Amino acid sequence: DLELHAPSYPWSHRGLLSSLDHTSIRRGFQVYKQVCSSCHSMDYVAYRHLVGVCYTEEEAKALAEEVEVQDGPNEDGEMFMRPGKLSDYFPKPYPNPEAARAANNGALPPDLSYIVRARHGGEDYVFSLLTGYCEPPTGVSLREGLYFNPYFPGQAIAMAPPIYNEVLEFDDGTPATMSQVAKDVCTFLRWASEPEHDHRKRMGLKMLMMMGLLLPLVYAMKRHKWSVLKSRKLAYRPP
Amino acid sequence: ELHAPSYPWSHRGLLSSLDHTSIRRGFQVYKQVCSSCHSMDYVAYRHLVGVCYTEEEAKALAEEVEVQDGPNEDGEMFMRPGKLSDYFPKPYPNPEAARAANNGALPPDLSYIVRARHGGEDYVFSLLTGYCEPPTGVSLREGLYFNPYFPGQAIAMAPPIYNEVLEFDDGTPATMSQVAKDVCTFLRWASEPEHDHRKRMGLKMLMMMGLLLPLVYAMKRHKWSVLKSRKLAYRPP
Amino acid sequence: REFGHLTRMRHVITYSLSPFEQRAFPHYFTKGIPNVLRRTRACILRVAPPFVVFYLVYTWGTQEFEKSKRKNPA
Amino acid sequence: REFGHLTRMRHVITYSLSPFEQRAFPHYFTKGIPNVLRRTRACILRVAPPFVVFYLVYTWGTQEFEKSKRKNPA
Amino acid sequence: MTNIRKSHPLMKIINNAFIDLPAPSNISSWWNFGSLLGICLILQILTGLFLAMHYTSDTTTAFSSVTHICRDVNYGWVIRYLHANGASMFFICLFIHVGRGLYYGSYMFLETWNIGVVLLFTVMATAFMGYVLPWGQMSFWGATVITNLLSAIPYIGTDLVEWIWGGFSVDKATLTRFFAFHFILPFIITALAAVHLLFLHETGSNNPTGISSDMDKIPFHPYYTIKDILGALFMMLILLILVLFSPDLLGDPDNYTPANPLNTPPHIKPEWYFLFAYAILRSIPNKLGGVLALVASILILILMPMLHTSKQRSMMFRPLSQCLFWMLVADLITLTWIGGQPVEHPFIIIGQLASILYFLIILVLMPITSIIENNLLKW
Amino acid sequence: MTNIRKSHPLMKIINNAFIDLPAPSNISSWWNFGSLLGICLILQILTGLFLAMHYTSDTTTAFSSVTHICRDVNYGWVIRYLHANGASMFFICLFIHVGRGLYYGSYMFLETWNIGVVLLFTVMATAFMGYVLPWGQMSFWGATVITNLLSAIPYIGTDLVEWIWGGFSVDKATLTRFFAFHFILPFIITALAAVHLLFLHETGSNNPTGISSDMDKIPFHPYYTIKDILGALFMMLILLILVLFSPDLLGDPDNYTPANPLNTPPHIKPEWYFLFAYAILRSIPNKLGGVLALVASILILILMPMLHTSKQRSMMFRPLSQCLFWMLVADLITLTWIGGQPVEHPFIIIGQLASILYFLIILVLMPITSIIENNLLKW
Ligand code: HEM
Ligand code: HEM
Ligand code: HEM
Ligand code: HEM
């Protein structure tokens, strides 16, 4: 059996009040679009959420119209195909779950809208997983089609190696090293799971400050109004 | 426009019920006339069992139709014979396709027209039988037909209940009025399948209440009879 | 506000009778009907006129709506 | 249950001072720290032992489990 | 040893509540509508729950779920029609209760009267929302019109409309939030009703004669418990005729149509218990005036305790005022009928006249009649 | 003429319950949790309503609705995680409240103690349904397991289970009825908490010493009200840290996978606050025995006033018994951890001993020890 747990990587957003590197989010979206979107899906995230996080409005619009998304029945009686816009969720790669299972070896690529909030370990898992591919150890013979990943439960993941060195060209020009690609995609997936990650932390900061201020004064109020009982100095004078 | 006339339905009486033979006859009227264009979606072949058709007859009727469900092991839609649980198949995949096939109008979902239209069955019956010729001076765009009972006096229905349209199972002649009455009764049942049971509960309730009111009244008057017979007396000094 | 101290009363005598000995429906029709008629006559004069005014305006309104939605001047 | 039908008490004199002339934090640390140390001394020997034996049980279970999940000569 | 009935806390509260409460002996039938209200509320609390467990408050399944309850649920149609007709009967009983309070001068119990006005407000909001729930054509369009009425308020009236809507129109968020509020509110109604009874107990009920009956009070448990049992059963009689024989007798048939924001129904009305206020709404051409009249038609009950000038608190001995009261009742029924009819000749002028007459009676005729009344009787 | 605080009928109960309520002078912080429960409940009511604002209790859209809350609605994530962590914190304070009651001998108050036991039962049921609502993998599978536990009941087992399910398995009907039940139950908890306070107020309160404080009572308003506010602020601190720095710290990530009735998750552990009973359920090999042990684990609180034999009300002056009580707390923690862990060699036997010792302390060890110091202290 055994379950090799993912080591705790020192992510930039790991800090108590540290938010994700949004430039890393911009880089991590491209790998999802050009690599992970080929078989996987992010159905719960639309192009609208992308603006203001790692893209501006015009780039988001252009990116959305790059793909083609289905709209409702036209005035003739059938589906009419239209380019995407801001209010369209990320395109599904496969028409239905059955098509997804059949197209692959027989497994199902889980949607990544929550894969970081569903896997025990979080980003440290996924990153390590994408970088955990290796030759199976002696005495283990995986079936044709199965690939060996120690971090995957059962060590028999049905995933072709998704990330290899120089898989795609980052627009800004950062090197396409597999480690960089995996790091950026993991940050992007964490953002996808927890979009409020920035604001939450920001809110927490304020909660730390004012409750560091309210708590003494309120306490200072209590000891103020409770001091009468705390300095009673009783006396007994029986006859 | 004129309101619907009060037809003396067999299911009109306070304690009366529908005629299930008529329900069975009207079902084939729906199946062979309405289902080609009209969409009854809220009811299913399961409801047919025990109301007007036995289990095997309903099963055979379901197996006659072909329904689209389920993805195969290749992610494709596959047809299959209708089972006892499939709802009555819609004829148009999308509502706008219904407009496209006709002049642009939508055949309403016949599940609830008896309950949705002001007038109930008496309206829709008069809608089908009460067809007429457009009076002098009335224009009508090609495709529309004149039916006074329809609000607006311009229906988009081709007259569908034309004589000898079908052959009833029992053998009753399928004349205008006969088939129209059967489909109207069937539509009334489809509007609310609990009509028979509703009247049964009402029947029980009528005598249960006619027996509880007197007894509870006697209870109250017996308990209050202490006050209903006090005799106050003033004895000032 | 409970039994015992509501008010003060003196020289009042109240007789009653067990509910198990006197009739539950004493002269329900012999004396009930004339009493019902008297109570009806007491309040009919002050109850009916507002409702017959309603009936008048109702019939006039429905018939006038029917008349208006007709064809004449053409 | 309100003030007045609570008890009977005699010869008990209670002084007090307003909250507006007594410091709300009178020698906070100077007397608080010995007080907290005394309170901790009073109860540590009767509070901690069950928790530390729980800790031992928990850690022991953790390894014993993962050893049971280890390999075995064959 | 002490009797548990008058010593245990909960039993003491219940005992003072409806066991040994000194109530007047001459309490007529019209006071039964008190308890009946709560009974319907209890039933309304009950059946709605059993509806709430087969209702998916989404605009793509709400109507389908309701049809599922009526058709493919064991004795579900009974529950659904019990809910609807129970709402109708609840408002019948509420109107009769308000009429009883107006007639026998029960508004002299100030706090109870104010609490009753609050109950009327919140229960009418609850019923409006509940009628929005089934998501029929009438439901959706009535919701649109009624919420859009709030646009009349200056400056901040526009902003409330989308806030309540949850978007730019009555849509998903409106339906879901209306379900949530319709679920929570009746418990607020229950709390306010408990406070209503609490306030009533400190003075006792008002007999038809109006004069204090502290020398004639009788215990509640043996006499009125059976009387309210009879009343509740008699109410259930009418309710079961409604549900079992003609369930959709009180309700527009167009509601049995999937709501479509592309086709206004030919006939638009609120429920039978709201048409009376809709009449004043359509009476005043000014939109803001219409909304203010809507609020005032109900809120005018708060002014009633002040306007009472007759030295008698009971209407038993006020013939002229009695004729005025019955004219007011006919006025309300006329308003309801006018609200039913479309706004055309001669319904428009009849509606204006009925609205003016209603306000004029409640504000002016009754106090002037009371003053000449007192002058007629040496006081 | 008279203070409105003690003149207004509604103000009477509020003044006698929170303003002029005689409270013990030496009340420790362990009693502040009594407020912390109630306040927390309001947040669960306040947040839980807003979750109900945007929520379609439907198998095909419940999870989508929750994600839309946490991702699209304005600050919806705040409300959602505030609600979940508030429920967890609510159970934290509930356990601390029960511990305080056990320690300072508050179960002598009988009626309040039994009412509190009923409160506990209702709150756990509410939390169960709430965890069912999100319709994740752990939601669905834990619900299936816990409702299948009812099959152990003889004769009526299967029919009762199918009744609760609303069908043949946890599906549309189960979720739809669970949502409505989760809506109604907290109001039952609120009314029962009012009853709890009503029963408590008649016996004052139990100070830490355990001796009657009838002669040292103090007004409630200038005192603990402010201390209760301070406790509520500390509670808000803990809750806000949990929500704002690690929302899913107390929650299994597997719930974020949509509920698929085809894949059993690697672990079916329920929420953190139920494992203490769940572990007991795992301990007894017999299914019916397991269910009886599970229910009796909570029911044992009712027997506590009967089992007490030490002539001192409180635990302040009973050292050996204090060691026993802290052994009980350690046992509860051990049971929670064991329930967290799977059913394997090292954990089965530990669970057996933990359950046995947890029952043994309450039934045998504590009363037998209570005899011992009584003999030790010459009485
Ligand atoms: C104050 C008492 C109540 C009144 C007056 C009331 C009124 C109404 C009305 C008029 C409807 C519309 C019925 C229809 O059009 O078919 C309705 C629907 C509904 N009510 Fe209530 N209601 C009350 C209490 C409750 C409660 C407490 C609940 C929740 C437990 C509830 C849940 C529902 C649901 C789910 C619907 C939609 C089902 C349907 O419309 O058929 N109601 N209510
Ligand atoms: C939520 C619905 C209501 C409930 C459950 C309720 C409950 C009750 C009950 C049980 C009574 C005692 C029986 C009676 O005298 O009729 C009562 C009395 C009263 N209620 Fe209500 N009530 C409601 C609505 C109202 C309304 C809308 C008003 C008017 C604004 C009102 C004003 C009164 C008055 C004035 C009394 C005293 C009657 C008298 O003294 O004769 N109530 N209420
Ligand atoms: C007794 C207090 C309450 C407790 C302990 C409680 C507990 C819970 C818990 C643990 C969840 C699961 C949350 C999650 O897994 O993310 C939940 C969900 C939910 N609760 Fe509550 N709840 C309470 C009161 C309420 C009330 C009063 C309402 C309705 C007004 C409500 C509505 C909901 C809804 C709609 C959900 C599903 C959304 C979600 O998963 O958060 N809750 N509840
Ligand atoms: C719904 C959750 C609950 C609420 C809101 C609640 C409310 C309260 C409040 C406000 C107090 C007074 C403050 C205090 O003494 O701590 C109290 C006291 C008490 N509660 Fe609860 N309670 C709850 C659950 C329970 C439970 C689970 C039990 C145990 C079965 C219980 C038994 C008691 C006892 C014995 C007291 C008296 C404590 C003393 O004064 O010494 N309650 N409750």
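Things worth noting here:
- 10 Å beta-carbon shell around B:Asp19, net charge (K/R +1, D/E -1): +2
- Summarising the amide proton neighbourhood of E:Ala23: residues at separation of 5 or more, or on other chains, whose placed amide H is nearer than 5 Å comprise E:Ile218, E:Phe220.
- Amide hydrogen neighbours beyond the local backbone of A:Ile157, cut-off 5 Å, H modeled: A:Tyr147, A:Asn149
- Stretch in chain B that is longest and holds no GluC sites (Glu not before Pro) that DSSP places in a loop and that have at most 12 other beta carbons within 10 Å: B:74-163
- Principal-axis tilt of helix D:28-68 within chain D, Cα atoms, nearest 10 degrees: 20
- Amide H within-cut-off set for A:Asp71, under 5 Å, with H built and near neighbours excluded: A:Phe80, A:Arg82
- Span-rule helices in chain E, defined as complete DSSP H runs reaching 15 Å or more along the axis (Cα) with Kyte mean at least -1.0: E:32-52, E:76-103, E:110-132, E:137-148, E:172-201, E:220-244, E:287-307, E:319-340, E:347-360
- Among D:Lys67, A:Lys61, sorting on how many other beta-carbon atoms sit within 10 Å of each Cβ, with the fewest leading, yields D:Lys67, A:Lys61.
- Fewest-first ranking of A:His40, B:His3, B:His222, C:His5, using other Cβ atoms within 10 Å as the exposure measure: C:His5, B:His3, B:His222, A:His40
- Whole-Hz Karplus values for the stretch F:203-219 come out as 10, x, 8, 9, 6, x, 5, x, 6, 4, 9, 4, 9, 10, 5, 10, x Hz, taken residue by residue from phi with 6.51 cos²θ - 1.76 cosθ + 1.60 and θ = phi - 60°; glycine and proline positions read x.
- Listed by chain and number, the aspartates and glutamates whose alpha-carbon sits under 17 Å from that of B:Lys204, ignoring those within fewer than 8 places in the same chain, are B:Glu194, B:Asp196.
- Within-13-Å neighbourhood charge of C:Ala24 [Cβ basis; K, R +1; D, E -1]: +4
- Between the Cα long axis of helix A:22-34 and the first principal axis of chain A there is an angle of about 30°, rounded to the nearest 10.
- Percent RCO, i.e. relative contact order, over the stretch E:171-316, from Cα pairs under 8 Å lying at least 6 residues apart: 27
- Cross-link table B:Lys199/E:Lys227; B:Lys31/B:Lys90; A:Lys233/F:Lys217; A:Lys225/F:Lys217; A:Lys85/A:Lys183; B:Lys228/E:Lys227, entries beyond 23 Å C-alpha to C-alpha: B:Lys199/E:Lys227; A:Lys85/A:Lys183
- Approximate spin-label separation F:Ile211-B:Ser17, in nm, with each point projected 7 Å along Cα-to-Cβ: 8.0
- The protein assembly as shown, helix-only ellipticity at 222 nm - DSSP H runs n ≥ 4, -39,500 (n - 2.57), divided by all residues, nearest 500: -18000 deg cm²/dmol
- Burial ordering of A:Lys92, C:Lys31, fewest other beta-carbon atoms within 10 Å first: C:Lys31, A:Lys92
- Which of F:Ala173, A:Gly173, E:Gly204, positive extreme of dipole for the protein assembly as shown (C-beta unit charges): E:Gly204
- Spherically averaged projected area of chain F from its Cα convex hull (nm²): 22.2
- Within 10 Å of the Cβ of each residue in B:183-192, the mean number of Cβ atoms contributed by other protein chains is 1.
- Peptide F:255-262 shows a mean partner chain C-beta count of 3 within 10 Å per residue C-beta.
- Sorted shortest first, the separations between the F:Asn148 label point and its copies elsewhere in the assembly read 5.4 nm; each point sits 7 Å from Cα along the Cα-to-Cβ line.
- Between the helical axis of A:57-66 and the longest alpha-carbon principal axis of chain A there is an angle of about 30 degrees.
- Two-site label geometry, E:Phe18 and F:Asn148: point separation in nm, points 7 Å out along Cα→Cβ: 4.6
Heads up, the Cβs are rebuilt from the backbone with ideal geometry, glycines too, and the neighbour counts pull from every protein chain shown. Coordinate-derived values only; no laboratory data.
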